[PDB]
Amino acid sequence: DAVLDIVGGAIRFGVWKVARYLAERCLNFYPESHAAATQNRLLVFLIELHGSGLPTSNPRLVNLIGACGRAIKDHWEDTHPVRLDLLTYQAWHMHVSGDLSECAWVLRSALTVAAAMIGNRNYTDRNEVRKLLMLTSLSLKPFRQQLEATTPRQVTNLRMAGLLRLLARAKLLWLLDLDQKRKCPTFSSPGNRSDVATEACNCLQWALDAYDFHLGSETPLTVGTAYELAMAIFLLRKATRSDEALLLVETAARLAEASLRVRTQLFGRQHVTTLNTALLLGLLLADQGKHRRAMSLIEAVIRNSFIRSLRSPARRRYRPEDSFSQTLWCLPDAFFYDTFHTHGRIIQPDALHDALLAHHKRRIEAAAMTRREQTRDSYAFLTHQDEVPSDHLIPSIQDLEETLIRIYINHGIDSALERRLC
Amino acid sequence: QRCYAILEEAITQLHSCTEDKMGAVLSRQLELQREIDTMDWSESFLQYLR
Amino acid sequence: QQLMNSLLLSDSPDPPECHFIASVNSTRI
Amino acid sequence: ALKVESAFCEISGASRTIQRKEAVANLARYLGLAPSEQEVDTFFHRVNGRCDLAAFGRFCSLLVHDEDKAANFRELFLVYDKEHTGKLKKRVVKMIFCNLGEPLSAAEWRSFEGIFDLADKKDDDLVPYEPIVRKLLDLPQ
Amino acid sequence: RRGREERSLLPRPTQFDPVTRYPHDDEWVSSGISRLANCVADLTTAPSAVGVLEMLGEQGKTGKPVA
Amino acid sequence: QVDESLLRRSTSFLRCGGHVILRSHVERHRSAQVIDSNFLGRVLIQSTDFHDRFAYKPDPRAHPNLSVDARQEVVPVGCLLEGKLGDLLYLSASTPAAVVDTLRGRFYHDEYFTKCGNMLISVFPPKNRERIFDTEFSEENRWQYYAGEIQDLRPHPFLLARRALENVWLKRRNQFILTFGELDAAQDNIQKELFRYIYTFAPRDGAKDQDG
Amino acid sequence: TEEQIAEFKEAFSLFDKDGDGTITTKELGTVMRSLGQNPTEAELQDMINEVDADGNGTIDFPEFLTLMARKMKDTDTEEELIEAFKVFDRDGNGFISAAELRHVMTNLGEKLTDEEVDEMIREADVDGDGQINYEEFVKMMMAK
Amino acid sequence: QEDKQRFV
Amino acid sequence: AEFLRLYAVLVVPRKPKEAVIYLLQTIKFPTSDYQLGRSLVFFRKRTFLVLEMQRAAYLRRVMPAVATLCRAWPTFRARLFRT
Amino acid sequence: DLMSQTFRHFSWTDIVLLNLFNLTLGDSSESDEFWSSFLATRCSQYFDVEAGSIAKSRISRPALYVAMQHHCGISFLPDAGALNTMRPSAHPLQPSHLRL
């Protein structure tokens, strides 16, 4: 694992040509099938996906997956969770190469395998234990009710509920990639628009209450599912456009508030997470009609996010907690920025959308009327005001102040001041 | 959850102990039933030859 | 040989779909 | 069940067993239910020649049918009366009975006009089919 | 012919109907995952290892790729 | 050269008792038997100088010739596609050495004529040549391989002509047959025996009446 | 063949609206569809030649019998159409979901139009949920 | 909230 | 164009090119043995042998079924008057 | 096997390995005797797990094999995937299968 640690020294750092050289000699220090070698075999698979100039559809990539899954079925045949770390490395593989509908199948098979890993009993004798109970015992119970199991069914654990979060990640990202690519009409018909949204909501549902059972409802990992279930509901209402979802918006802002309180007390007030457990709460409260609590909270976003930009650009780094990040422990941090917080930077300026004043009926009408992946994280910087990829990740001070003043003059401001204005 | 674990070991002990206890007897019953049914079938053939 | 070329020139929108065979020796000739 | 056992004993008599094909069809609607000729044929085939009280007793129950409604039997005459005047010909009611459905013998078909009052009418006379529907299903006229 | 855990976590299975009580601030909603309950706050709707497969499988059976 | 997949610890494997080609003395050329695959990081091998895989043992042999070589110069080549059928069209090795080495065993086991994708190879020696043609072109075997609808039939000039004659029966498109060789190396006798097959089967205007 | 003649005088009189044994030539082609066999379109005009052989202008019951005896295809039997929808039953539950039958024979088959295959999905699926119990739907071929 | 919260 | 009809049915339950591409991912056809071509797309026989095993299984037997799928509509209605 | 080798000497310590490895890993009724009378009762007085839980059916034949390869201190020429694609035998492992 020492040679594999310098392998990790070259994966994150874009020194791929060296990383190929000591990875081939690392596998000589393991016996032939020997499922303990799956750490090296998957790291080589990460080199050939990220590190070589060949695209993401090589026959090398399916050969390495098949050769490592073969080694699990040789040593620890379908009875060790290195089958699951093959199913998460393969899920990362095709998450890079598009096809998010297929990535749902990969994580589905990861959930089905992990169900057999945990195991269940059948209890075929429940009818005849009831026959003994109705003969010996003295209750009304064993005659008009079937006998329950002696020990109930199993708990969804930490990792298998992680695959629930990843399945909701594939479903929501498939929904919104076609939403930002609506130019082709054969992308997610409106019947499927409600269906994949509300069941990515159900997968984030399941991950949240499995986590507060195991780790308790105060750890960062529960807060991540609670904030993301609120975000998934916000996209569920937007896609369906159903007016009966006022029950859903109540539990959405009530999930975002619980995520906000803990994230203030765990990550501070200047952090990429704590700015959008308040920013999403700003959209879900202005959703309800609370146009001054959402106002003052969006007000608070561009105070603490601005104070975050006071800090050193070298001292602003966020790696999202995610089961891909835990399994693929060594990668550049930029490889997971896409999934839900450029989502926030797109939805936030577009959701409110007033226009239709002059500069829209004047700067459009009159203007048209006149005629005749080798990407390392940036380690060394140039000046104190550089641009971290975590700064693109959050919406800029230009465009979220933009939403702020648009809230005021349209549906904010007390009756006194807008009287004095007009 | 650990309470259900120490009862689940009791269930697996009971099923493993009754599987090899019933293994000898139920094999012998099916062997004796094979003898009755083969010998009665062989007697039905001699009645046909009769 | 040009008559063998001329039957190639006669019809045949596709070329004549071929099947070939070699007749050689086991050792060196 | 009391009418079932009372009607069974008066036909079978001392034998307590009906071996007549025709008498099985009689005892069915003395209780009030009408079976088809195929239904009593496959009933007689399974009971292989002897009809006892237990077999005929639930033979009354399995023929309890909840589709002897007027709307289904006006649908027969509605299609043949495309003008929806409520009328069909007496020749028209002859063929739907003796030719459509299972065919009729000349004897029991002759007793049909004797009760339903069609014998005095000619071949081409016009009849309303609603009295035939109402009288057959024993609704009051 | 649907299980009781299936009917308690998703009684109406093409929409959400939220059931969480995450910060803890039909009322009787709970899976079979726990048999310790004396109040409504105890009722955990945590999906089971088998429940999250029998009723995560009933979404490919809802649709049928166009018609 | 060979593909990089076989010179790789991950994708390709060595099990003890499999055959291998040693990449040395290049112009390949060396065959060896695998004994162990992780001898001190390297691969131990037994250079050689009717065995099922399925029991894995080294070949028992006095005076062994063991040598150490890494898994950058060994390729698994054997099993004890590749042209499993007599039609060797498949050819798991891209090099012509797969055609020649398969023809080595086909020369030892005396079946000789061998459909080769589109091609065919016959490698019959000068020894009693007329006996070789007379087995594979006798009037018995003439109507035999008409009668079978390919599949189980041995890959022969009977199938080579029947391909073109089935595109006679259905396709009605132009076909082509041709034989190669060297100086009077019986390739003419291959072609003429193949040529009799063209108009033997199928009723080719059986003598009709006056009407037609 | 008294049973086969019995099936003949069923459907001959079933589309028959004039009544006295005379049917016009419109529903004549559709009478044989309830017998259960395939026509050529040229047979329809070939039947009109013996419609007016005696100047009847209509079918008489004997000439329906004799011409049907001249040409008789293999009747699709009742158990073979139990099996003909059982082969589409890959599930084993006894149900043929309506979306399955749409795609798999439209690209197959010999004489199939889009309106003819859409209308058999609709009329079979009276429940609207999208499944066809074929043990009840081929008794919706053979009540008798 | 009168007949269904009665888990006591 | 012949690929569309000869490999219809199959696993699937828009454009002529886009539907041919859509067939490829759904039948476990790797992109490695695919050629950039216009109409006469070369295939490398191996992968056609992969598909043709289940193609014959998908053909099977449908001909007594379609012998009455052509002729079904009066045999519906005449039966409603038969019963 | 002792017939076939002409170079590789052996010891009796190799034989007592092979008799142990085949009474644990094999299809024979002799290995059924080992798992039902000896390997089950020895687990009860060594690591306090009872004989009922120890069964030959619900154990992985290759993963157990590598487990004795580390614990007993012997390496074999075949591997975990080797035995899986081996036909079942009364004595599958043979004395030529050793390394050192």
# chains A, B, ... in the order shown; residues from 1 in each chain; ligands from 1
>>> interface_residues(of="chain B", to="chain J", cutoff="12 Å", atoms="only C-alpha atoms", output="number ranges by chain")
B: 8-21
>>> interface_residues(of="chain G", to="chain D", cutoff="9 Å", atoms="only C-alpha atoms", output="PyMOL selection string")
chain G and resi 6+9-11+13-20
>>> interface_residues(of="chain E", to="chain G", cutoff="10 Å", atoms="only C-alpha atoms", output="number ranges by chain")
E: 64-67
>>> write_last_selection(atoms="C-alpha atoms", output="PDB file, in the first residue's frame")
ATOM      1  CA  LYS E  64     -43.023   0.644 -20.400  1.00  0.00           C
ATOM      2  CA  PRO E  65     -40.651   2.730 -22.641  1.00  0.00           C
ATOM      3  CA  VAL E  66     -43.271   4.693 -24.664  1.00  0.00           C
ATOM      4  CA  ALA E  67     -46.789   3.157 -24.715  1.00  0.00           C
TER       5      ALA E  67
END
>>> residues_around(residues="residue A:385", least_positions_apart="5", cutoff="12 Å", atoms="only C-alpha atoms", output="number ranges by chain")
A: 309-316, 391
